[PDB]
Amino acid sequence: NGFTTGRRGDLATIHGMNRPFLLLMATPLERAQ
Amino acid sequence: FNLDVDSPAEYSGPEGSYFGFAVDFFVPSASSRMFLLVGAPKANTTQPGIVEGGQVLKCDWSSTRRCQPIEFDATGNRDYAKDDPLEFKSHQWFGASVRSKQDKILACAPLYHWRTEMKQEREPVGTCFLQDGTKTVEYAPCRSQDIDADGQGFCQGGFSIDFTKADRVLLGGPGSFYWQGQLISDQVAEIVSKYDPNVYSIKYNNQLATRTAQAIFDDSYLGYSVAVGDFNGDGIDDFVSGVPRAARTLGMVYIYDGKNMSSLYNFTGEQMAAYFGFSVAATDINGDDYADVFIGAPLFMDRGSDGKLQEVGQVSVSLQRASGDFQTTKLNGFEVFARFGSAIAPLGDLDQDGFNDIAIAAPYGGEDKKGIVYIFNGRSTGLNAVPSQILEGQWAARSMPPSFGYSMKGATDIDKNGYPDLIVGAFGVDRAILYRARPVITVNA
Amino acid sequence: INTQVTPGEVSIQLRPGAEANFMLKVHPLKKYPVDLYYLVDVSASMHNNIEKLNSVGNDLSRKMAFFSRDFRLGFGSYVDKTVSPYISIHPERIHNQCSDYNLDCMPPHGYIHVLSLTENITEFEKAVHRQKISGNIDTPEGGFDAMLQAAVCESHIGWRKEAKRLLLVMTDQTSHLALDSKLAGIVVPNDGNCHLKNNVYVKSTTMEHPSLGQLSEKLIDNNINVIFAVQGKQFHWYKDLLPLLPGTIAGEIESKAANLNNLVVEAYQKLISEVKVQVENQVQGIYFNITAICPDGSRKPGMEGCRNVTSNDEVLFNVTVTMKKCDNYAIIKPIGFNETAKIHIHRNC
Ligand SMILES: *[C@@H]1O[C@H](CO)[C@@H](O[C@@H]2O[C@H](CO)[C@@H](O[C@@H]3O[C@H](CO[C@H]4O[C@H](CO)[C@@H](O)[C@H](O)[C@@H]4O)[C@@H](O)[C@H](O[C@H]4O[C@H](CO)[C@@H](O)[C@H](O)[C@@H]4O[C@H]4O[C@H](CO)[C@@H](O)[C@H](O)[C@@H]4O)[C@@H]3O)[C@H](O)[C@H]2NC(C)=O)[C@H](O)[C@H]1NC(C)=O
Ligand SMILES: *[C@@H]1O[C@H](CO)[C@@H](O[C@@H]2O[C@H](CO)[C@@H](O)[C@H](O)[C@H]2NC(C)=O)[C@H](O)[C@H]1NC(C)=O
Ligand SMILES: *[C@@H]1O[C@H](CO)[C@@H](O[C@@H]2O[C@H](CO)[C@@H](O)[C@H](O)[C@H]2NC(C)=O)[C@H](O)[C@H]1NC(C)=O
Ligand SMILES: *[C@@H]1O[C@H](CO)[C@@H](O[C@@H]2O[C@H](CO)[C@@H](O)[C@H](O)[C@H]2NC(C)=O)[C@H](O)[C@H]1NC(C)=O
Ligand SMILES: *[C@@H]1O[C@H](CO)[C@@H](O[C@@H]2O[C@H](CO)[C@@H](O)[C@H](O)[C@H]2NC(C)=O)[C@H](O)[C@H]1NC(C)=O
Ligand SMILES: *[C@@H]1O[C@H](CO)[C@@H](O)[C@H](O)[C@H]1NC(C)=O
Ligand SMILES: *[C@@H]1O[C@H](CO)[C@@H](O)[C@H](O)[C@H]1NC(C)=O
Ligand SMILES: *[C@@H]1O[C@H](CO)[C@@H](O)[C@H](O)[C@H]1NC(C)=O
Ligand SMILES: [Ca+2]
Ligand SMILES: [Ca+2]
Ligand SMILES: [Ca+2]
Ligand SMILES: [Ca+2]
Ligand SMILES: [Ca+2]
Ligand SMILES: [Mg+2]
């Protein structure tokens, strides 16, 4: 997803979601030690 | 003023088949007989497994009104694999555009969906069948290897067609490149000689076409209507097409050089949402040997006396001059909501004076909205802005409005009385009508 | 009987070549019961803005507690005509145009009426909260056909004759025109009736869109005050059409869309601070001449009338009826108002 041909028209916005992304899991800054 | 409304030659097709959506004349000089040509985009056919294909019924004038459908095609859907149809001919609106040279017939289908080769899809590319005497061919330059909504997948090729005087076919696809539009020109001398009944994407050596533009031009609808005529003195006809949603729905009209498809002149509308370029017809209305442009804007809203707006329509007349300029004049409709300027067709010389003539139709005008056609006469100055004759439809609306005046044709004498004639199609009641131009005598008291 | 437009009726006799006159006074009232309807575009492009409809429930009703005696709201959605080439006709895509992106998009629909006008704001919030988006292919979208359907169907939507009918059309793109339907085989002009059978627009797929003139006539006939709320650059497109559409307002929605309640309330104030008239004359030879007398005394031509009106402020229209040729009546009405003056012109030849 997100790599098929350049979609213009009404589908242009929808084309961008489910794009390959990152899932970050880190500790909060306020709970280090 | 000489067209005879006392004895109109009648015609009729099947009920509910849109008989008369497109009309023309057939004059094969070899056989020296005269035939009409009427399209029925909603007609049923003999094709197996196809419902509502479309028919182009060839109707005769010489006292026999027998309309025999031209067998442009008889088969059904060709297939890619087992139970994998390649094309979908059902509801294809075949015959919505009929154009005839002396010995050729070109009827196109704009709503012909097909299963693209790469993946199972339904792309309305459209196709055309060019019958040249005995040989019959298929013409479909918008179904290619590079198609999608991005490409010319939605081309709807064959929405508008015309013949150049130099044996070329000008084809207009409104929907390609996300509805920017496209024009395609190609010569018949190559359409016939390049047709393998087992090949779909055919490359034509001497084809001319217009390419992709920036994304701000979407929904322009270039090719919504085409016409031809010489406009830069070379002698070769030049491609005039109407793009009725350009410039924030103002409407524009483009003129392309007929030798290399290079832009020459532009027009532009003056009101938003007026459909400037809906109809285009290039004739020679003042008799100065220079072709003159006509442009239709059926939805133009015009200020009333009190200030209230009225949607009456407008036709723009633009007289070509020898230096590259255009002397433009406006011309407004007569009844509100009548869509004056829907159809424009040159008439030749309807009264044989020396200046060609023209006729403009208001399909939804008239009493009880049956339809009205107006007849204009040229002069040495230009068009004469008061219509000499008013042609009115005689048919009531059965389910939908009769739409008398949606399509019309002229400039060919079928009686051979010396004067050109006119056929009109009131497709909302599945009828076509032929009118005859009476000879004109000059009494010098 | 009439309270805001006086006189409500006039009987006059004229003879050819003569001119008469009278005075027509329009006094706007203090507070108006307001009926607002959200004709919302729910196409795929409008997906980021449907979620911003959950704030307009109570906030706006608080903003409009002083400008109105009571308040009502409604909902409704449109995308486009459901035929090729506007939607895809693939059997997988025909009922969910988003399927190639794994979305739970709702099946496309010409226009669906959702919630008839109600004073229960919790109902409006509930109706809005459960709403999904749809999709199609073309860049423009069929908004004008939905506008006509919402304007004409009266007892379905639930308009009040005693109210100040308002109609908000939330979109972000240009709309389809009348003759754009020829690409889809729709060559039947719109008839101007409305065809909601089960709160779904049945005839979206058989007759084409309305034109600007027909849309404007249907809007002004039903006393509808349209407030466009466009978001992208197409606000300018919706703005340049205002001269062609009397009695319509266009606001701009910023990217943050925090300016929606303010958009509605400022548009309503600008709407209530204006008076203008037109005449629907269907008699032969009689020409009406109307010059408006503003509270600042300006001699405006009346067709756009006097602006910047408030209450405690009566606006007077100077009329001049002519009698040019012989062979009914004419009704002169302030656009947006609920009362009309019926000039029962007698003619004797
Ligand atoms: C009648 O009316 C029509 C329509 O209004 C008009 O046609 C339009 O013509 C113009 C000009 O020919 C077209 O606009 C572009 O023209 C440039 C020409 O390049 C030179 O001129 C520009 C002017 O500023 C300079 O900036 C440029 O550096 C050059 O000096 C073309 O290069 C354009 O092609 C672009 O599109 C191609 C396909 O997408 C690209 O492959 C190409 O590289 C160009 O891309 C550019 O723009 C992209 C935008 O995103 C950008 O990403 C790229 O990086 C690059 O910058 C283009 O042709 C316009 O498209 C025409 N419109 C239509 C509908 O045909 C007629 O000229 C007019 N005729 C008369 C007689 O009035
Ligand atoms: C062409 O023939 C077909 C049938 O072969 C007709 O299809 C009819 O369509 C209507 C509505 O779509 C149905 O109610 C009928 O049941 C269909 N007919 C049959 C026999 O099933 C179609 O109407 C015909 N076209 C024209 C223009 O007459
Ligand atoms: C206004 O509408 C809300 C719903 O949007 C109504 O609240 C519901 O009331 C019923 C009882 O009749 C409960 O079963 C529901 O759970 C309530 N829903 C919510 C979301 O609270 C409310 O009753 C309506 N107002 C009036 C006066 O009836
Ligand atoms: C136009 O609106 C006014 C006020 O918005 C309406 O006047 C009300 O009429 C109802 C009965 O129709 C009365 O019960 C109210 O007391 C009136 N209110 C005021 C403030 O006068 C008027 O009826 C409306 N006219 C039409 C034709 O609908
Ligand atoms: C309202 O319009 C009438 C005309 O219908 C005006 O009457 C004219 O007033 C001028 C000013 O003295 C006279 O010269 C004319 O003879 C009057 N009659 C006509 C037919 O012009 C009247 O003055 C206007 N009132 C206002 C306040 O503008
Ligand atoms: C097309 O042909 C005309 C004919 O003279 C010429 O003027 C024009 O420059 C040509 N355009 C291109 C792109 O070759
Ligand atoms: C209307 O009145 C103005 C001045 O009050 C005048 O100039 C105009 O000619 C009049 N028009 C008609 C149609 O009476
Ligand atoms: C509108 O009315 C208010 C109050 O009467 C006044 O302050 C303001 O100046 C007026 N606007 C114009 C443009 O005169
Ligand atoms: Ca040329
Ligand atoms: Ca000329
Ligand atoms: Ca002549
Ligand atoms: Ca003849
Ligand atoms: Ca759309
Ligand atoms: Mg959209």
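- Structure determination for the deposited model, as stated in its record, used cryo-EM, and the stated resolution is 3.20 Å.

**Thoughts on the site of ligand 3**
Residues and elements named next belong to chain C.
Right, on to step 1. Every residue lining ligand 3 is accounted for by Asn120, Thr122, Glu123 and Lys126.
Right, on to step 2. Separating an oxygen atom of ligand 3 from a side-chain N or O atom of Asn120 is a distance of 2.4 Å.
Right, on to step 3. Here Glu123 contributes a side-chain N or O atom positioned 3.4 Å from an oxygen atom of ligand 3.
Right, on to step 4. In isolation ligand 3 has 570 Å² of accessible area, and contact with the protein removes 24% of it.

**Looking at the state of the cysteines**
Right, on to step 1. For the coordinates displayed, the defined rule picks out seven disulfides over all chains.
Right, on to step 2. For B:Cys59, the disulfide goes to B:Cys67, at an S-S distance of 2.0 Å. With the S-S dihedral at roughly 115°, the linkage between B:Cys59 and B:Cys67 falls on the right-handed side.
Right, on to step 3. For B:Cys59, a relative accessible area of 0% translates into the label buried.
Right, on to step 4. Between the sulfur of C:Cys98 and that of C:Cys105 lies a disulfide, 2.0 Å long from S to S.

**Thoughts on the interface of chain A and chain B**
Right, on to step 1. Taken together, the contact pairs four residues of chain A with seven residues of chain B.
Right, on to step 2. Both sides of the chain A and chain B interface together cover about 430 Å² of buried area, and 37% of this is carbon and sulfur.
Right, on to step 3. Considering only the side of chain A, the residues that lose the most area to chain B are A:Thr5, A:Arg7 and A:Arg8, jointly responsible for 89% of the buried surface there.
Right, on to step 4. Across the contact surface, chain A and chain B share one salt bridge.
Right, on to step 5. Our count for the contact surface shared by chain A and chain B stands at three residue pairs in polar contact.

Cut-offs and rules
Residues numbered from 1 in each chain as written, not as in the entry; some residues may be left out. Chains lettered and ligands numbered in written order. Part of a larger assembly, values for the part shown. Heavy atoms only, no water. Residues with missing side-chain atoms left out of burial classes, pairs and counts. Near = heavy atom within 4 Å. Polar contact = N/O pair within 3.5 Å; in protein donor to acceptor, adjacent residues only side chain to side chain. Areas by Shrake-Rupley, 256 points an atom, 1.4 Å probe, with all protein chains shown as cover. Disulfide = S-S within 2.5 Å. Buried < 20%, exposed > 50% of the residue type's maximum accessible area, 1.4 Å probe, protein only. Contact = heavy atoms within 4.5 Å. Buried area = accessible area lost by both parts, 1.4 Å probe. Salt bridge = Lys/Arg side-chain N within 4 Å of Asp/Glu carboxyl O.

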